[PDB]
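Asker: Here it is, the structure, as structure tokens.
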Protein chains: 2
Amino acid sequence: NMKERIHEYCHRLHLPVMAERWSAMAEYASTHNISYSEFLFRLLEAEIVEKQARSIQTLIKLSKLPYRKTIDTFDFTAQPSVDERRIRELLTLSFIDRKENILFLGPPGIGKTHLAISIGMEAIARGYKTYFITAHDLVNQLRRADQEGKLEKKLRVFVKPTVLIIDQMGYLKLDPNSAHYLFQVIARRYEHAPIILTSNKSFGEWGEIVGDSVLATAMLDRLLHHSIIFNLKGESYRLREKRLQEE
Amino acid sequence: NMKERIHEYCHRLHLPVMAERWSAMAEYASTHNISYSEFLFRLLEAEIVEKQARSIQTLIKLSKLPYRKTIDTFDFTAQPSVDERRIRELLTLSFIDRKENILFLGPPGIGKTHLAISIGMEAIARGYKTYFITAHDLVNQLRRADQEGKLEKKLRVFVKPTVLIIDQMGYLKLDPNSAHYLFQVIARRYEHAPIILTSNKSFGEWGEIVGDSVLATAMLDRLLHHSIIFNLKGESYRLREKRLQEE
DNA sequence: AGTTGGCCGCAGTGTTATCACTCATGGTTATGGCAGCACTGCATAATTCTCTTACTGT
Ligand SMILES: Nc1ncnc2c1ncn2[C@@H]1O[C@H](COP(=O)(O)OP(=O)(O)OP(=O)(O)O)[C@@H](O)[C@H]1O
Ligand SMILES: Nc1ncnc2c1ncn2[C@@H]1O[C@H](COP(=O)(O)OP(=O)(O)O)[C@@H](O)[C@H]1O
Ligand SMILES: [Mg+2]
């Protein structure tokens with residue numbers, strides 16, 4: 001017949017959702033006499049919707065972001081120190097065009113990691129590749145790669161992502177070898193793609209964190225050449241939620 | 001014949017209890033006209049019960065508890081400051097789903113480790129894995145593993161168990177540089193599995209014990225977010241309670 | 001009569017001087033292969049579970 005061949009060809013072209021909604025839209029046109037152009041537009045637009053939904057799901061899976069949290073889930077009133085203007089301007093992704101390294105600083109529990117993850121979710125929803133990693137894990141993987149001789153591979157894997165996120169930078173101390181391993185990534189991404197970083201220590205302490213003042217200075221210079229910092233302060237939201245649960 | 005073949009097949013299928021009791025079960029089903037399905041169900045249920053008993057035995061063996069205790073041997077009249085009902089509620093193991101952390105704080109000998117091990121035993125009974133360790137011991141083992149280079153193995157060993165019983169947090173103080181191991185364990189188990197902590201040092205002394213203020217602050221911020229803290233006020237049972245009640 | 005050794009004769013090798021040829025490098029243009037990314041499958045290694053074994057002293 002004809003329907004079977006249509007379905008088979010759609011599957012061979014990998015457009016099954018198109019075929020399904022194509023029957024629905026064919027019925028719709030039979031009911032309202034839609035032009036062939038608009039009909040095909042419905043088919044292809046819905047196929048695009050499904051394909052991009054699946055692609056964004058698999059991309060979030062590709063990225064190691066801990067959770068799929070959106071800015072909508074966040075409250076600004078509980079954190080007076082932040083301003084919606086700057087956060088939403090970052091959400092506009094102008095930094096990607098300008099290649100600005102976003103940095104978050106402040107004591108624990110403020111929510112800097114939450115905001116960074118939300119920004120990453122927006123970036124990965126808009127097609128841009130994203131990759132999440134912790135400083136300690138990044139350094140460990142780089143050292144193992146250097147040991148195995150595949151250092152270039154991991155360096156590419158950490159540099160290729162359009163938006164690289166480094167988290168928990170400062171709580172754990174780093175040795176000079178780790179300092180140079182981090183410096184390699186920083187240099188490769190000096191002016192090629194933005195870096196989103198979160199930390200609790202001031203810039204000066206990075207010398208003690210990395211075990212070398214000069215390496216810390218160089219990395220800070222390269223990171224801050226094009227950067228927008230967010231020095232946030234306030235009460236730990238974990239503690240406040242615990243208090244609310246108590247009451 | 002058939003009896004010997006049945007015994008051999010039960011042993012080859014790893015059904016020892018079934019091999020032992022199949023004759024008696026057959027006789028009982030004979031004398032009561034039990035259906036074949038119910039006969040099979042009886043055999044399988046007995047085998048399952050015995051297997052679960054042996055599994056619980058193995059889990060309690062691997063728990064590495066110093067000894068075995070339960071709430072049965074606990075007197076709440078000697079500890080009237082804290083509510084009895086809350087501990088009974090904990091015995092329902094509702095905290096395992098919520099991933100909340102259970103903290104016992106009080107003077108030495110007031111029964112902290114007793115209650116912690118009792119709750120761990122209740123968790124082991126219902127199949128949940130549990131690992132008992134002393135905080136300083138855990139940090140030392142993690143340091144040795146890191147020196148040997150295979151740190152991730154021990155980290156998984158400590159993070160995988162559903163219930164972690166970290167005791168004697170303040171008893172001993174290792175080199176402050178090793179507190180990052182404790183932070184790693186607490187953060188990796190954060191929002192994943194409960195932690196049972198028991199110690200006699202206030203929350204302010206953590207910076208001194210670990211030799212780092214911000215590190216201890218972050219550890220507590222994560223360990224106290226989802227938790228139920230019990231503060232035990234009293235005197236050393238073994239000496240003071242007997243001395244004051246024999247009068 | 002046969003085999004080996006010595007002598008003679010013939011051929012091959014070494015050094016010096018000279019000649020010839022081939023290979024390498026530089027510049028420009030074109031083509032092919034390899035590398036990178038994404039998805040799927042298999043195998044190996046590591047981890048977990050269960051049972052048995054080992055060590056020391058009474
Ligand atoms: N203003 C807020 N409104 C709602 N949730 C908040 C707010 N601030 C923080 N949180 C919540 O606090 C939790 C922890 O946030 P986050 O991990 O970003 O903290 P942090 O300060 O970066 O921590 P650390 O220094 O330990 O890495 C998240 O669940 C986030 O949702
Ligand atoms: N409320 C109590 N009821 C029964 N026994 C108790 C109680 N408190 C303490 N004990 C006894 O004391 C010991 C527990 O002390 P523990 O809490 O381990 O002290 P620490 O926490 O300093 O190690 C156990 O042997 C237990 O039998
Ligand atoms: Mg964070």
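Here's how to read the names in the structure tokens: chain A, B, ... by the order shown, residue numbers from 1 in each chain, ligand numbers from 1 in the order shown.
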Give one line per residue of chain B that approaches chain A to at most 7 Å, naming the two atoms of the closest pair and their distance in Å to one decimal, counting only C-alpha atoms; sort by chain then ascending residue number and deliver it as JSON lines.
Answerer:
```
{"residue": "B:180", "atom": "CA", "partner": "A:172", "partner_atom": "CA", "distance": 6.0}
{"residue": "B:215", "atom": "CA", "partner": "A:171", "partner_atom": "CA", "distance": 6.5}
{"residue": "B:218", "atom": "CA", "partner": "A:108", "partner_atom": "CA", "distance": 6.1}
{"residue": "B:221", "atom": "CA", "partner": "A:238", "partner_atom": "CA", "distance": 6.6}
{"residue": "B:225", "atom": "CA", "partner": "A:238", "partner_atom": "CA", "distance": 4.9}
{"residue": "B:226", "atom": "CA", "partner": "A:242", "partner_atom": "CA", "distance": 6.7}
```
Asker: Just want the 12 Å neighbourhood of residue 164 in chain B, counted on only C-alpha atoms (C1' of nucleotides), with same-chain residues fewer than 4 positions away dropped. Output as an NGL selection string.
Answerer: :B and (63-65 or 96 or 99-103 or 116-117 or 119-121 or 123-124 or 128-135 or 138 or 157-160 or 185-186 or 189-190 or 192-198)
Asker: Which chain B residues are at most 10 Å from chain C (counting only C-alpha atoms (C1' of nucleotides)), as an NGL selection string?
Answerer: :B and (54-55 or 58)
Asker: What does the file look like for those residues with N, CA and C atoms, as a PDB file, in the first residue's frame?
Answerer:
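Below is the file that was written, part_7.pdb:
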```pdb
ATOM      1  N   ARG B  54      21.267 -15.724  56.993  1.00  0.00           N
ATOM      2  CA  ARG B  54      22.707 -15.806  56.758  1.00  0.00           C
ATOM      3  C   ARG B  54      23.246 -14.509  56.162  1.00  0.00           C
ATOM      4  N   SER B  55      22.463 -13.860  55.299  1.00  0.00           N
ATOM      5  CA  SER B  55      22.875 -12.578  54.741  1.00  0.00           C
ATOM      6  C   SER B  55      23.032 -11.532  55.836  1.00  0.00           C
ATOM      7  N   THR B  58      26.224 -12.143  57.650  1.00  0.00           N
ATOM      8  CA  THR B  58      27.395 -11.650  56.933  1.00  0.00           C
ATOM      9  C   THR B  58      27.487 -10.132  57.013  1.00  0.00           C
TER      10      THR B  58
END
```
Asker: Name the residues of range 70-200 of chain A that fall into strand (DSSP E) according to DSSP on the backbone, using the chain letters and numbers of this document, as a list in words.
Answerer: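 These are the residues in question: residues 101, 102, 103, 104, 105, 130, 131, 132, 133, 134, 163, 164, 165, 166, 167, 168, 169, 195, 196, 197, 198 and 199 of chain A.
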Asker: Dump C-alpha atoms for the selected residues as a PDB file, in the first residue's frame?
Answerer:
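Writing the result to selection22.pdb gives the following:
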```pdb
ATOM      1  CA  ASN A 101      35.458  34.077  33.014  1.00  0.00           C
ATOM      2  CA  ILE A 102      32.703  34.057  35.636  1.00  0.00           C
ATOM      3  CA  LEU A 103      33.878  33.677  39.236  1.00  0.00           C
ATOM      4  CA  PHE A 104      31.845  33.143  42.406  1.00  0.00           C
ATOM      5  CA  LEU A 105      33.284  33.840  45.857  1.00  0.00           C
ATOM      6  CA  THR A 130      28.875  22.201  28.835  1.00  0.00           C
ATOM      7  CA  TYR A 131      31.185  20.217  31.100  1.00  0.00           C
ATOM      8  CA  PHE A 132      31.130  20.234  34.907  1.00  0.00           C
ATOM      9  CA  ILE A 133      34.073  19.141  37.051  1.00  0.00           C
ATOM     10  CA  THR A 134      35.562  19.693  40.496  1.00  0.00           C
ATOM     11  CA  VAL A 163      31.306  26.141  28.962  1.00  0.00           C
ATOM     12  CA  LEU A 164      33.663  24.503  31.468  1.00  0.00           C
ATOM     13  CA  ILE A 165      32.592  24.687  35.120  1.00  0.00           C
ATOM     14  CA  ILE A 166      35.120  24.167  37.924  1.00  0.00           C
ATOM     15  CA  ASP A 167      33.576  23.631  41.353  1.00  0.00           C
ATOM     16  CA  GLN A 168      34.810  23.285  44.937  1.00  0.00           C
ATOM     17  CA  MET A 169      38.015  25.218  44.248  1.00  0.00           C
ATOM     18  CA  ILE A 195      35.203  29.316  32.479  1.00  0.00           C
ATOM     19  CA  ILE A 196      32.706  29.348  35.356  1.00  0.00           C
ATOM     20  CA  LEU A 197      34.442  28.839  38.698  1.00  0.00           C
ATOM     21  CA  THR A 198      33.245  28.759  42.301  1.00  0.00           C
ATOM     22  CA  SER A 199      35.425  29.132  45.383  1.00  0.00           C
TER      23      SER A 199
END
```
Asker: So, counting only C-alpha atoms, which residue among A:146, A:45, A:208, A:152 is closest to residue 22 in chain A?
Answerer: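 Once distances to residue 22 in chain A are computed over only C-alpha atoms, the minimum belongs to A:45.
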Asker: With only C-alpha atoms and all ligand atoms as the basis for distance, which of B:230, B:14, B:211, B:183 is at the shortest distance from ligand 1?
Answerer: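 Of B:230, B:14, B:211, B:183, the one nearest ligand 1 is B:183, counting only C-alpha atoms and all ligand atoms.
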Asker: Please give me, as a VMD selection string, the residues lying within 6 Å of ligand 2 when counting only C-alpha atoms (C1' of nucleotides) and all ligand atoms.
Answerer: chain B and resid 73 to 75 78 to 79 108 to 114 237 to 238
Asker: Just asking: which residues within range 90-203 of chain A are alpha helix (DSSP H) according to DSSP, as an mmCIF file with C-alpha atoms, in the first residue's frame?
Answerer:
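So selection-v7.cif came out as:
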```cif
data_model
loop_
_atom_site.group_PDB
_atom_site.id
_atom_site.type_symbol
_atom_site.label_atom_id
_atom_site.label_comp_id
_atom_site.auth_asym_id
_atom_site.auth_seq_id
_atom_site.Cartn_x
_atom_site.Cartn_y
_atom_site.Cartn_z
ATOM 1 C CA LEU A 90 24.668 36.263 32.697
ATOM 2 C CA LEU A 91 21.652 34.146 31.749
ATOM 3 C CA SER A 94 26.728 37.638 26.690
ATOM 4 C CA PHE A 95 29.843 36.315 28.439
ATOM 5 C CA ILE A 96 30.070 33.487 25.893
ATOM 6 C CA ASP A 97 30.314 36.038 23.089
ATOM 7 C CA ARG A 98 32.705 38.193 25.129
ATOM 8 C CA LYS A 112 26.949 30.062 44.264
ATOM 9 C CA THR A 113 27.152 26.484 42.985
ATOM 10 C CA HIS A 114 23.379 26.527 42.466
ATOM 11 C CA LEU A 115 23.602 29.631 40.275
ATOM 12 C CA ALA A 116 26.560 28.229 38.337
ATOM 13 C CA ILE A 117 24.679 24.986 37.668
ATOM 14 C CA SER A 118 21.618 26.942 36.525
ATOM 15 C CA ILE A 119 23.800 28.924 34.111
ATOM 16 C CA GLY A 120 25.230 25.652 32.825
ATOM 17 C CA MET A 121 21.720 24.291 32.332
ATOM 18 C CA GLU A 122 20.814 27.344 30.260
ATOM 19 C CA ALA A 123 24.001 26.990 28.211
ATOM 20 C CA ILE A 124 23.355 23.307 27.501
ATOM 21 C CA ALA A 125 19.700 24.027 26.696
ATOM 22 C CA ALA A 135 39.065 21.091 40.877
ATOM 23 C CA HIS A 136 40.233 18.005 42.769
ATOM 24 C CA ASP A 137 38.734 15.589 40.236
ATOM 25 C CA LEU A 138 40.061 17.653 37.328
ATOM 26 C CA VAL A 139 43.589 17.568 38.746
ATOM 27 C CA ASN A 140 43.410 13.853 39.541
ATOM 28 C CA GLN A 141 42.218 12.993 36.035
ATOM 29 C CA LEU A 142 44.882 15.201 34.448
ATOM 30 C CA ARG A 143 47.636 13.576 36.513
ATOM 31 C CA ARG A 144 46.421 10.082 35.633
ATOM 32 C CA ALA A 145 46.291 11.077 31.959
ATOM 33 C CA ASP A 146 49.863 12.373 32.110
ATOM 34 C CA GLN A 147 50.894 9.090 33.728
ATOM 35 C CA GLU A 148 49.181 7.084 30.974
ATOM 36 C CA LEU A 151 47.421 13.950 28.540
ATOM 37 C CA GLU A 152 46.497 15.625 25.249
ATOM 38 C CA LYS A 153 43.255 13.628 25.142
ATOM 39 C CA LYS A 154 42.032 14.827 28.538
ATOM 40 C CA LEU A 155 43.247 18.363 27.838
ATOM 41 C CA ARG A 156 41.102 18.394 24.697
ATOM 42 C CA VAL A 157 38.172 16.891 26.606
ATOM 43 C CA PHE A 158 38.416 19.727 29.136
ATOM 44 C CA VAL A 159 39.055 22.445 26.522
ATOM 45 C CA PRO A 176 52.592 22.217 42.744
ATOM 46 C CA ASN A 177 52.191 19.377 40.242
ATOM 47 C CA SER A 178 48.441 19.888 40.558
ATOM 48 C CA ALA A 179 49.061 23.614 40.148
ATOM 49 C CA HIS A 180 50.768 23.083 36.791
ATOM 50 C CA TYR A 181 48.077 20.618 35.711
ATOM 51 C CA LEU A 182 45.425 23.270 36.382
ATOM 52 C CA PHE A 183 47.580 25.922 34.694
ATOM 53 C CA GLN A 184 47.671 23.855 31.501
ATOM 54 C CA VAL A 185 43.870 23.918 31.262
ATOM 55 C CA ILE A 186 43.737 27.613 32.154
ATOM 56 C CA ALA A 187 46.249 28.447 29.421
ATOM 57 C CA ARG A 188 44.477 26.327 26.811
#
```
Asker: Which value, in Å to one decimal, gives the distance between atom 4 (C, counted along the ligand's line) of ligand 1 and CA of residue 62 in chain A?
Answerer: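 Spanning atom 4 (C, counted along the ligand's line) of ligand 1 to CA of residue 62 in chain A is a straight-line distance of 26.0 Å.
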